[PDB]
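S.K.: Provided below: start-v4.cif, containing mmCIF, C-alpha atoms.
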```cif
data_input
loop_
_atom_site.group_PDB
_atom_site.id
_atom_site.type_symbol
_atom_site.label_atom_id
_atom_site.label_comp_id
_atom_site.auth_asym_id
_atom_site.auth_seq_id
_atom_site.Cartn_x
_atom_site.Cartn_y
_atom_site.Cartn_z
ATOM 1 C CA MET R 1 -109.520 36.053 12.678
ATOM 2 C CA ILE R 2 -110.859 32.968 14.360
ATOM 3 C CA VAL R 3 -114.522 32.518 15.001
ATOM 4 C CA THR R 4 -116.635 29.590 16.023
ATOM 5 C CA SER R 5 -120.315 28.774 15.474
ATOM 6 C CA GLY R 6 -122.978 26.452 16.688
ATOM 7 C CA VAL R 7 -125.486 24.519 14.598
ATOM 8 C CA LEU R 8 -128.309 23.272 16.891
ATOM 9 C CA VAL R 9 -131.074 21.344 15.094
ATOM 10 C CA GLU R 10 -134.113 19.970 16.918
ATOM 11 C CA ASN R 11 -137.243 18.711 15.211
ATOM 12 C CA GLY R 12 -136.682 20.212 11.785
ATOM 13 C CA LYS R 13 -135.684 23.489 13.401
ATOM 14 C CA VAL R 14 -132.379 25.369 13.674
ATOM 15 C CA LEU R 15 -131.816 27.987 16.361
ATOM 16 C CA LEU R 16 -130.559 31.260 14.914
ATOM 17 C CA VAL R 17 -129.825 34.764 16.224
ATOM 18 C CA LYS R 18 -129.755 38.204 14.665
ATOM 19 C CA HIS R 19 -126.246 39.568 14.113
ATOM 20 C CA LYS R 20 -125.843 42.793 16.159
ATOM 21 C CA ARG R 21 -124.508 44.689 13.064
ATOM 22 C CA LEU R 22 -125.547 42.653 9.975
ATOM 23 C CA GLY R 23 -129.065 42.018 11.187
ATOM 24 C CA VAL R 24 -129.247 38.817 9.151
ATOM 25 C CA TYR R 25 -129.741 35.572 11.058
ATOM 26 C CA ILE R 26 -126.546 33.660 11.840
ATOM 27 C CA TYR R 27 -125.565 30.509 13.677
ATOM 28 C CA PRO R 28 -124.975 31.627 17.308
ATOM 29 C CA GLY R 29 -121.241 32.095 17.776
ATOM 30 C CA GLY R 30 -118.375 34.574 17.710
ATOM 31 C CA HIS R 31 -114.738 35.557 18.159
ATOM 32 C CA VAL R 32 -112.539 32.983 19.750
ATOM 33 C CA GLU R 33 -110.690 34.909 22.459
ATOM 34 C CA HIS R 34 -106.956 34.198 22.898
ATOM 35 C CA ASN R 35 -106.724 32.423 26.256
ATOM 36 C CA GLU R 36 -109.607 30.101 25.307
ATOM 37 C CA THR R 37 -110.272 27.151 23.039
ATOM 38 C CA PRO R 38 -112.792 27.205 20.152
ATOM 39 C CA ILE R 39 -114.759 24.568 22.064
ATOM 40 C CA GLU R 40 -115.086 26.870 25.104
ATOM 41 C CA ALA R 41 -115.830 29.925 23.013
ATOM 42 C CA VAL R 42 -118.708 28.267 21.162
ATOM 43 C CA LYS R 43 -120.239 27.125 24.468
ATOM 44 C CA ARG R 44 -119.751 30.505 26.151
ATOM 45 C CA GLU R 45 -121.080 32.521 23.177
ATOM 46 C CA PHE R 46 -124.068 30.226 22.411
ATOM 47 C CA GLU R 47 -125.248 30.741 25.972
ATOM 48 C CA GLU R 48 -124.710 34.488 26.150
ATOM 49 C CA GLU R 49 -126.523 34.935 22.866
ATOM 50 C CA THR R 50 -129.361 32.496 23.289
ATOM 51 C CA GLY R 51 -129.496 31.358 26.885
ATOM 52 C CA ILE R 52 -129.155 27.726 25.791
ATOM 53 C CA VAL R 53 -126.184 25.676 26.959
ATOM 54 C CA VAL R 54 -124.816 23.290 24.384
ATOM 55 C CA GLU R 55 -122.022 20.924 23.849
ATOM 56 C CA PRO R 56 -120.147 20.588 20.531
ATOM 57 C CA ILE R 57 -120.306 17.046 19.251
ATOM 58 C CA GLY R 58 -118.286 15.728 16.377
ATOM 59 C CA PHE R 59 -116.044 12.932 15.150
ATOM 60 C CA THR R 60 -112.826 12.029 16.973
ATOM 61 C CA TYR R 61 -110.446 9.232 15.986
ATOM 62 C CA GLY R 62 -110.158 7.995 19.566
ATOM 63 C CA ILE R 63 -106.603 9.153 20.251
ATOM 64 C CA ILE R 64 -105.899 9.161 23.989
ATOM 65 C CA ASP R 65 -102.901 9.735 26.196
ATOM 66 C CA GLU R 66 -101.994 11.481 29.500
ATOM 67 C CA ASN R 67 -100.676 14.545 27.684
ATOM 68 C CA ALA R 68 -103.454 15.280 25.242
ATOM 69 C CA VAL R 69 -107.188 14.814 24.606
ATOM 70 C CA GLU R 70 -108.600 14.704 21.103
ATOM 71 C CA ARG R 71 -111.262 17.299 20.280
ATOM 72 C CA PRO R 72 -114.257 16.803 17.957
ATOM 73 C CA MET R 73 -114.001 17.712 14.313
ATOM 74 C CA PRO R 74 -116.143 20.710 13.186
ATOM 75 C CA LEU R 75 -119.011 20.213 10.754
ATOM 76 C CA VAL R 76 -117.092 22.495 8.437
ATOM 77 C CA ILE R 77 -114.638 25.378 8.238
ATOM 78 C CA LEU R 78 -115.168 28.449 6.113
ATOM 79 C CA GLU R 79 -113.212 31.614 5.558
ATOM 80 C CA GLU R 80 -116.091 34.027 5.348
ATOM 81 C CA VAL R 81 -116.024 37.624 4.154
ATOM 82 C CA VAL R 82 -117.725 40.373 6.076
ATOM 83 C CA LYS R 83 -117.826 43.808 4.607
ATOM 84 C CA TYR R 84 -118.129 46.753 6.965
ATOM 85 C CA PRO R 85 -117.926 50.327 5.735
ATOM 86 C CA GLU R 86 -114.841 50.959 7.830
ATOM 87 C CA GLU R 87 -113.267 47.681 6.675
ATOM 88 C CA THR R 88 -113.517 44.104 5.437
ATOM 89 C CA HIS R 89 -112.869 41.066 7.549
ATOM 90 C CA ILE R 90 -112.210 37.472 6.794
ATOM 91 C CA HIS R 91 -113.373 35.115 9.469
ATOM 92 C CA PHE R 92 -111.922 31.637 9.836
ATOM 93 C CA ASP R 93 -115.048 29.881 10.996
ATOM 94 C CA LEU R 94 -114.978 26.576 12.884
ATOM 95 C CA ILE R 95 -118.608 25.559 12.535
ATOM 96 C CA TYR R 96 -119.583 22.946 15.088
ATOM 97 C CA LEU R 97 -122.596 20.697 15.252
ATOM 98 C CA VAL R 98 -123.968 21.098 18.775
ATOM 99 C CA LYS R 99 -126.341 19.601 21.268
ATOM 100 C CA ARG R 100 -128.427 21.246 23.981
ATOM 101 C CA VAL R 101 -127.663 20.188 27.512
ATOM 102 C CA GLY R 102 -128.974 23.150 29.522
ATOM 103 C CA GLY R 103 -130.073 26.788 29.836
ATOM 104 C CA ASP R 104 -133.331 28.566 28.881
ATOM 105 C CA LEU R 105 -134.171 30.238 25.527
ATOM 106 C CA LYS R 106 -133.794 34.007 25.977
ATOM 107 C CA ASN R 107 -132.945 35.300 22.553
ATOM 108 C CA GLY R 108 -132.893 33.736 19.120
ATOM 109 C CA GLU R 109 -135.515 31.928 17.079
ATOM 110 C CA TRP R 110 -136.207 28.417 15.966
ATOM 111 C CA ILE R 111 -136.337 28.614 12.190
ATOM 112 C CA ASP R 112 -137.818 25.763 10.228
ATOM 113 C CA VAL R 113 -135.014 24.498 8.064
ATOM 114 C CA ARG R 114 -137.306 24.600 5.048
ATOM 115 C CA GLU R 115 -138.188 28.265 5.404
ATOM 116 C CA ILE R 116 -134.598 29.429 5.593
ATOM 117 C CA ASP R 117 -134.983 31.326 2.335
ATOM 118 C CA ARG R 118 -137.946 33.357 3.757
ATOM 119 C CA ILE R 119 -135.666 35.361 6.036
ATOM 120 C CA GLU R 120 -132.445 37.359 5.809
ATOM 121 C CA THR R 121 -129.647 34.975 6.660
ATOM 122 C CA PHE R 122 -125.873 35.321 6.659
ATOM 123 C CA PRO R 123 -124.722 33.843 3.299
ATOM 124 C CA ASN R 124 -123.532 30.587 4.779
ATOM 125 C CA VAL R 125 -126.576 29.512 6.764
ATOM 126 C CA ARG R 126 -128.470 27.760 3.998
ATOM 127 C CA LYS R 127 -125.313 25.918 2.774
ATOM 128 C CA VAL R 128 -124.283 24.896 6.262
ATOM 129 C CA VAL R 129 -127.826 23.702 7.100
ATOM 130 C CA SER R 130 -127.931 21.384 4.091
ATOM 131 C CA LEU R 131 -124.600 19.997 5.124
ATOM 132 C CA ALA R 132 -126.016 19.457 8.610
ATOM 133 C CA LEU R 133 -129.158 17.707 7.448
ATOM 134 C CA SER R 134 -127.160 15.328 5.269
ATOM 135 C CA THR R 135 -124.816 14.510 8.105
ATOM 136 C CA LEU R 136 -127.667 13.917 10.547
ATOM 137 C CA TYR R 137 -129.478 11.907 7.884
ATOM 138 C CA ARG R 138 -126.384 9.766 7.371
ATOM 139 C CA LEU R 139 -125.720 9.261 11.048
ATOM 140 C CA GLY R 140 -129.389 8.348 11.484
ATOM 141 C CA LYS R 141 -128.943 5.876 8.662
ATOM 142 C CA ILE R 142 -125.696 4.356 9.893
ATOM 143 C CA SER R 143 -127.175 4.335 13.401
ATOM 144 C CA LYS R 144 -129.680 2.019 11.689
ATOM 145 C CA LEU R 145 -127.570 -0.812 10.357
ATOM 146 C CA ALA R 146 -125.934 -1.154 13.751
ATOM 147 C CA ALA R 147 -128.231 -3.912 15.052
ATOM 148 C CA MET P 1 -103.875 29.705 22.591
ATOM 149 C CA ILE P 2 -104.675 27.740 19.548
ATOM 150 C CA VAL P 3 -101.683 26.501 17.584
ATOM 151 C CA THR P 4 -101.045 24.671 14.302
ATOM 152 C CA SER P 5 -98.701 21.971 12.959
ATOM 153 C CA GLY P 6 -97.975 20.469 9.590
ATOM 154 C CA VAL P 7 -97.288 16.814 8.868
ATOM 155 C CA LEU P 8 -95.197 16.264 5.800
ATOM 156 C CA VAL P 9 -94.602 12.698 4.721
ATOM 157 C CA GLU P 10 -92.416 11.711 1.720
ATOM 158 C CA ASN P 11 -90.959 8.216 0.919
ATOM 159 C CA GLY P 12 -92.017 6.645 4.194
ATOM 160 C CA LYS P 13 -90.520 9.587 6.100
ATOM 161 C CA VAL P 14 -92.101 12.306 8.240
ATOM 162 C CA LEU P 15 -90.311 15.637 8.689
ATOM 163 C CA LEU P 16 -89.747 16.534 12.322
ATOM 164 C CA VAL P 17 -87.919 19.314 14.076
ATOM 165 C CA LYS P 18 -86.683 19.408 17.669
ATOM 166 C CA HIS P 19 -89.084 21.101 20.043
ATOM 167 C CA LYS P 20 -87.605 24.549 20.824
ATOM 168 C CA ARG P 21 -87.671 23.829 24.564
ATOM 169 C CA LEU P 22 -88.536 20.151 25.012
ATOM 170 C CA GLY P 23 -85.902 18.883 22.563
ATOM 171 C CA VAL P 24 -88.226 15.992 21.635
ATOM 172 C CA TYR P 25 -89.089 15.672 17.978
ATOM 173 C CA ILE P 26 -92.382 17.206 16.858
ATOM 174 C CA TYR P 27 -93.927 18.146 13.535
ATOM 175 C CA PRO P 28 -93.314 21.848 12.671
ATOM 176 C CA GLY P 29 -95.982 24.296 13.769
ATOM 177 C CA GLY P 30 -96.553 27.107 16.278
ATOM 178 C CA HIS P 31 -98.965 29.664 17.811
ATOM 179 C CA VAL P 32 -101.519 31.259 15.476
ATOM 180 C CA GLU P 33 -101.238 35.059 15.362
ATOM 181 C CA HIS P 34 -104.337 37.191 15.950
ATOM 182 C CA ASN P 35 -103.712 38.573 12.487
ATOM 183 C CA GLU P 36 -103.781 35.200 10.685
ATOM 184 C CA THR P 37 -105.844 32.125 9.850
ATOM 185 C CA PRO P 38 -104.544 28.706 11.101
ATOM 186 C CA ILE P 39 -103.883 27.968 7.427
ATOM 187 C CA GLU P 40 -101.595 31.035 7.105
ATOM 188 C CA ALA P 41 -100.000 30.265 10.427
ATOM 189 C CA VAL P 42 -99.016 26.700 9.520
ATOM 190 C CA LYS P 43 -97.410 27.782 6.232
ATOM 191 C CA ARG P 44 -95.562 30.604 8.007
ATOM 192 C CA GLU P 45 -94.197 28.490 10.932
ATOM 193 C CA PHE P 46 -93.205 25.514 8.716
ATOM 194 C CA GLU P 47 -91.550 28.037 6.498
ATOM 195 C CA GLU P 48 -89.578 29.573 9.318
ATOM 196 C CA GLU P 49 -88.785 26.284 11.021
ATOM 197 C CA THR P 50 -87.710 24.156 8.076
ATOM 198 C CA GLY P 51 -87.241 26.375 5.057
ATOM 199 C CA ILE P 52 -89.732 24.289 3.079
ATOM 200 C CA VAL P 53 -92.882 25.941 1.709
ATOM 201 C CA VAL P 54 -95.989 23.800 2.171
ATOM 202 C CA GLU P 55 -99.665 23.780 1.365
ATOM 203 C CA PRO P 56 -102.302 22.477 3.783
ATOM 204 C CA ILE P 57 -104.406 19.620 2.344
ATOM 205 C CA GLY P 58 -107.330 17.571 3.611
ATOM 206 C CA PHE P 59 -110.979 16.659 3.330
ATOM 207 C CA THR P 60 -113.470 19.155 1.959
ATOM 208 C CA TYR P 61 -117.000 19.171 0.639
ATOM 209 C CA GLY P 62 -116.313 21.812 -2.002
ATOM 210 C CA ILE P 63 -118.022 25.005 -0.827
ATOM 211 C CA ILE P 64 -116.974 28.173 -2.630
ATOM 212 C CA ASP P 65 -118.457 31.452 -3.929
ATOM 213 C CA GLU P 66 -118.085 35.268 -3.612
ATOM 214 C CA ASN P 67 -118.824 35.172 0.162
ATOM 215 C CA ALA P 68 -116.852 32.244 1.556
ATOM 216 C CA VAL P 69 -114.381 29.488 0.791
ATOM 217 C CA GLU P 70 -113.988 26.189 2.583
ATOM 218 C CA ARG P 71 -110.658 25.347 4.138
ATOM 219 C CA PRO P 72 -109.320 21.844 4.486
ATOM 220 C CA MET P 73 -110.122 19.839 7.536
ATOM 221 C CA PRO P 74 -107.222 19.207 9.882
ATOM 222 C CA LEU P 75 -105.844 15.725 10.167
ATOM 223 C CA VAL P 76 -106.616 15.748 13.862
ATOM 224 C CA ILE P 77 -107.165 18.320 16.610
ATOM 225 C CA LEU P 78 -105.554 17.636 19.961
ATOM 226 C CA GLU P 79 -105.845 19.744 23.026
ATOM 227 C CA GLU P 80 -102.264 19.152 24.336
ATOM 228 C CA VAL P 81 -100.943 19.692 27.851
ATOM 229 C CA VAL P 82 -97.443 21.091 27.980
ATOM 230 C CA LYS P 83 -95.713 21.235 31.355
ATOM 231 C CA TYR P 84 -92.782 23.647 31.563
ATOM 232 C CA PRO P 85 -92.067 23.793 35.316
ATOM 233 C CA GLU P 86 -92.353 27.566 34.808
ATOM 234 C CA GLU P 87 -95.920 27.810 33.588
ATOM 235 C CA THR P 88 -97.947 24.880 32.020
ATOM 236 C CA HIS P 89 -99.757 25.529 28.810
ATOM 237 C CA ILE P 90 -102.824 24.139 27.155
ATOM 238 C CA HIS P 91 -102.568 24.139 23.326
ATOM 239 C CA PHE P 92 -105.529 23.746 20.971
ATOM 240 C CA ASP P 93 -103.503 22.277 18.195
ATOM 241 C CA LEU P 94 -105.023 22.209 14.715
ATOM 242 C CA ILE P 95 -102.890 19.682 12.931
ATOM 243 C CA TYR P 96 -102.876 19.618 9.196
ATOM 244 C CA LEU P 97 -101.621 17.194 6.624
ATOM 245 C CA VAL P 98 -99.505 19.278 4.172
ATOM 246 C CA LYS P 99 -97.660 18.913 0.869
ATOM 247 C CA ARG P 100 -94.403 20.483 -0.363
ATOM 248 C CA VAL P 101 -94.700 23.270 -2.938
ATOM 249 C CA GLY P 102 -91.364 25.021 -2.653
ATOM 250 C CA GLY P 103 -88.469 26.186 -0.516
ATOM 251 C CA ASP P 104 -85.782 23.749 0.599
ATOM 252 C CA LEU P 105 -84.951 21.772 3.683
ATOM 253 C CA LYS P 106 -82.734 24.057 5.697
ATOM 254 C CA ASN P 107 -83.417 22.661 9.173
ATOM 255 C CA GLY P 108 -85.007 19.507 10.550
ATOM 256 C CA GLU P 109 -84.892 15.732 10.063
ATOM 257 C CA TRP P 110 -86.579 13.168 7.895
ATOM 258 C CA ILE P 111 -87.831 10.521 10.284
ATOM 259 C CA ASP P 112 -88.336 7.082 8.754
ATOM 260 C CA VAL P 113 -91.701 5.776 9.940
ATOM 261 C CA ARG P 114 -89.938 2.424 10.367
ATOM 262 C CA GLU P 115 -87.687 3.830 13.129
ATOM 263 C CA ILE P 116 -90.088 6.222 14.833
ATOM 264 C CA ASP P 117 -90.665 3.888 17.789
ATOM 265 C CA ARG P 118 -87.068 4.150 18.914
ATOM 266 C CA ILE P 119 -87.165 7.974 18.713
ATOM 267 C CA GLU P 120 -88.028 10.574 21.348
ATOM 268 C CA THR P 121 -91.096 12.184 19.952
ATOM 269 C CA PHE P 122 -93.466 14.709 21.476
ATOM 270 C CA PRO P 123 -96.569 12.940 22.938
ATOM 271 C CA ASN P 124 -98.743 11.208 20.279
ATOM 272 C CA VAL P 125 -96.648 12.208 17.313
ATOM 273 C CA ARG P 126 -96.430 8.497 16.403
ATOM 274 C CA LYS P 127 -100.204 8.176 16.642
ATOM 275 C CA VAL P 128 -100.609 11.212 14.404
ATOM 276 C CA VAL P 129 -98.139 9.958 11.799
ATOM 277 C CA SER P 130 -100.096 6.730 11.542
ATOM 278 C CA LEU P 131 -103.195 8.798 10.912
ATOM 279 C CA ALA P 132 -101.364 10.774 8.237
ATOM 280 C CA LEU P 133 -100.454 7.595 6.404
ATOM 281 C CA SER P 134 -103.970 6.182 6.335
ATOM 282 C CA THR P 135 -105.391 9.667 5.657
ATOM 283 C CA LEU P 136 -102.967 10.175 2.791
ATOM 284 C CA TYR P 137 -104.147 6.875 1.371
ATOM 285 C CA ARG P 138 -107.785 8.003 1.583
ATOM 286 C CA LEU P 139 -107.066 11.366 -0.085
ATOM 287 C CA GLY P 140 -105.097 9.434 -2.639
ATOM 288 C CA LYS P 141 -108.133 7.431 -3.643
ATOM 289 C CA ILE P 142 -110.627 10.355 -3.355
ATOM 290 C CA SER P 143 -108.271 12.092 -5.757
ATOM 291 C CA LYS P 144 -107.889 9.286 -8.334
ATOM 292 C CA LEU P 145 -111.582 8.351 -8.221
ATOM 293 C CA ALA P 146 -112.156 12.015 -8.940
ATOM 294 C CA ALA P 147 -109.589 11.711 -11.722
ATOM 295 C CA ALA P 148 -111.451 8.810 -13.272
#
```
If you took the structure in this file and wrote it as structure tokens, what would it be?

M.R.:
Amino acid sequence: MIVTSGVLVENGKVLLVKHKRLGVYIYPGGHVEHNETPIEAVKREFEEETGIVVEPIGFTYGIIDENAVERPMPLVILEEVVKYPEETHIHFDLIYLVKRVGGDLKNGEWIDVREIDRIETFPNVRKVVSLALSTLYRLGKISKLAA
Amino acid sequence: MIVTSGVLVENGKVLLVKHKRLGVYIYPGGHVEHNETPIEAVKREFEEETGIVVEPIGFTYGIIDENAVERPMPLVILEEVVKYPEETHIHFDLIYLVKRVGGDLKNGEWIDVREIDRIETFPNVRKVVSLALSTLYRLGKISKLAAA
């Protein structure tokens, strides 16, 4: 079962939302519908859940042609377990790094990335955040020795 | 509408099948069922289409515990446009690099990378194969440095 998520980090803070059933904070995201792409689903769901409009940004090799466009690589992909009383799901999670490009905050909270252990968070959050800091740290670094 | 393909390379040869409707050669793959993960889908389709059993492989960080396990990163992800004068689809194609673990070639052709340019391939297949080769090299070294 395909799902997609958005990691938005601005000024040491990550935007998170409460899961309507689990209650723990999660990266805004959700089920990738059939007739849509994971890129469209993450944009659509980030905005309906938070009010913020984002754009997934990742690495692409640069492959271009009239018949196909390359899409950004996710920050990571996890098969996560979710245990409901009626049943257990496995979610194939395409976790994208995202950027804000519009909207207005309506739901969700900016959680300092250092206080992530002071709140109930979906199991992955802390692991994914570390991965995201590293990556941003690297990119910031490499974006250094460009000159 | 997301689909998945596997790229199997052995002895300077990539395994390609003929597109069901386009005829052109493409790597094996197909639509991902609601009921399955892209990883399960690629093994299933490859299975059906070639008879060979394969295992997706790729870059990972190493995340794994009781609550979640990381899956390998595709080789490349192309959002392909497929014009059948009779519809016209858009395919979010998660393309994985895969290795052989069983089964047996029942259908399909081994395409020598040295002849690929004089062969009718589905758009960008040649670009992707090139990526596979370099990518395989990089996973080769990650693997032997890890072996050291």

S.K.: For the structure shown, which residues end up in the PyMOL selection byres ((chain P) within 8 of (chain R))? Put them as a PyMOL selection string, please?

M.R.: chain P and resi 1-2+34-37+67-73+76-82+92+123-124+127

S.K.: Fewer than 3 positions away in the same chain doesn't count, so skip those; otherwise give me all residues within 7 Å of residue 108 in chain R, counting all atoms listed in the file, as a ChimeraX atom specification.

M.R.: /R:15-17,50

S.K.: Residue 11 in chain P: which residues within 12 Å, counting all atoms listed in the file, same-chain residues fewer than 6 positions away excluded, as a PDB file with C-alpha atoms, in the frame of the given file?

M.R.:
```pdb
ATOM      1  CA  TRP P 110     -86.579  13.168   7.895  1.00  0.00           C
ATOM      2  CA  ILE P 111     -87.831  10.521  10.284  1.00  0.00           C
ATOM      3  CA  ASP P 112     -88.336   7.082   8.754  1.00  0.00           C
ATOM      4  CA  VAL P 113     -91.701   5.776   9.940  1.00  0.00           C
ATOM      5  CA  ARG P 114     -89.938   2.424  10.367  1.00  0.00           C
ATOM      6  CA  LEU P 133    -100.454   7.595   6.404  1.00  0.00           C
TER       7      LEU P 133
END
```

S.K.: Please indicate the distance in Å from CA of residue 11 in chain R to CA of residue 112 in chain R, rounded to one decimal place.

M.R.: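 Distance between the two atoms: 8.7 Å.
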
S.K.: For CA of residue 40 in chain P and CA of residue 17 in chain P, quote the distance in Å rounded to one decimal.

M.R.: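 Those two atoms sit 19.3 Å apart.
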
S.K.: I'd like the interatomic distance between CA of residue 53 in chain R and CA of residue 104 in chain R, to a tenth of an Å.

M.R.: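 Between these atoms lies a distance of 7.9 Å.
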
S.K.: Evaluate the PyMOL selection byres ((chain P and resi 121) around 12) here and jot the selected residues down as a ChimeraX atom specification.

M.R.: /P:14-19,22-27,111,113,115-120,122-129

S.K.: Within 9 Å of range 52-55 of chain P, counting only C-alpha atoms, which residues qualify if same-chain residues fewer than 6 places away don't, as a list in words?

M.R.: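 The residues satisfying every condition are residues 6, 8, 39, 42, 43, 44, 46, 97, 98, 99, 100, 101, 102, 103, 104, 105, 106 and 107 of chain P.
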
S.K.: Expand the PyMOL selection byres ((chain R and resi 129) around 12) into the explicit residue set it covers here, and present it as a ChimeraX atom specification.

M.R.: /R:6-9,12-16,26-27,75-76,95-97,111-117,121-128,130-137

S.K.: So that I can see what lies close to residue 85 in chain R, please list as a list in words the residues with an atom at most 12 Å from it, counting only C-alpha atoms and leaving out residues fewer than 4 positions away in the same chain.

M.R.: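 Counting only C-alpha atoms, the residues come to residues 21, 22 and 89 of chain R.
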
S.K.: Once you have the residues from the selection above, write them out as a CSV table (one decimal), keeping the file's coordinate frame, restricted to C-alpha atoms.

M.R.:
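Wrote part12.csv, looks like this:
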```csv
chain,number,residue,atom,x,y,z
R,21,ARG,CA,-124.5,44.7,13.1
R,22,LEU,CA,-125.5,42.7,10.0
R,89,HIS,CA,-112.9,41.1,7.5
```

S.K.: Would you list the residues near (-97.2, 7.9, 0.8), meaning any protein, DNA or RNA residue with an atom at most 8 Å from that point in file coordinates, counting only C-alpha atoms, as a PyMOL selection string?

M.R.: chain P and resi 9-12+133+136-137

S.K.: Which is closest to residue 132 in chain P among P:75, P:57, P:147, P:3, if we use only C-alpha atoms?

M.R.: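 Ranking P:75, P:57, P:147, P:3 by distance to residue 132 in chain P, first place goes to P:75.
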